[PDB]
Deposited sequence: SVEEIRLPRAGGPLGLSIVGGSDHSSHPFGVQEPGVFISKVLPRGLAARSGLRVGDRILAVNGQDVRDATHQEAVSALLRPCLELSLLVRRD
């Protein structure tokens, strides 16, 4: 399914792999590889960030979108 996940910024650490310029997840997508040991799950595909499409973004484009000065993530899992 596809879920909108809201995360308050102050929840600690997010790791991602993938991207279009290119692991066991998925795809051309960007995928959550880790979350500090809420709502998000490893393997989640990240579709949008704060309403901005990242479905086809490069890895560095995804990173820059995650690295924002609340964070909203649209994700697909499974």
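Residues 11-12, 25-26, 31-32, 44-49, 82-83 of the deposited sequence have no C-alpha coordinates in the structure.
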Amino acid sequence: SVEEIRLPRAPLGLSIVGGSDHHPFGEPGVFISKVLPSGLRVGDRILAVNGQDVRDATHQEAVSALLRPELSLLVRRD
From here on, numbers count along this sequence of modelled residues.
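Each form is matched to the other, and the largest set of C-alpha atoms that superpose within 1.5 Å is called the rigid core.
When the other structures are laid on the shown form by the core, the C-alphas of 28-36 and 41-49 differ in how far they drift in 8 other deposited structures of this protein; the larger average drift belongs to 28-36. Looking at the other PDB entries for this protein, residue 55 is present in the model in all of those that include the residues around it, rather than absent from a third.
Per the records, residue 21 is among the residues left out by at least a third of the other compared entries, whereas the shown structure includes it. Among the modelled residues of its chain, residue 33 has a C-alpha B-factor that falls in the lowest third according to the deposited record.
Split the chain's modelled residues into thirds by C-alpha temperature factor. Residue 15 is in the lowest one. In the deposited entry, the Cα temperature factor of residue 53 sits in the bottom third of values across the chain's modelled residues.
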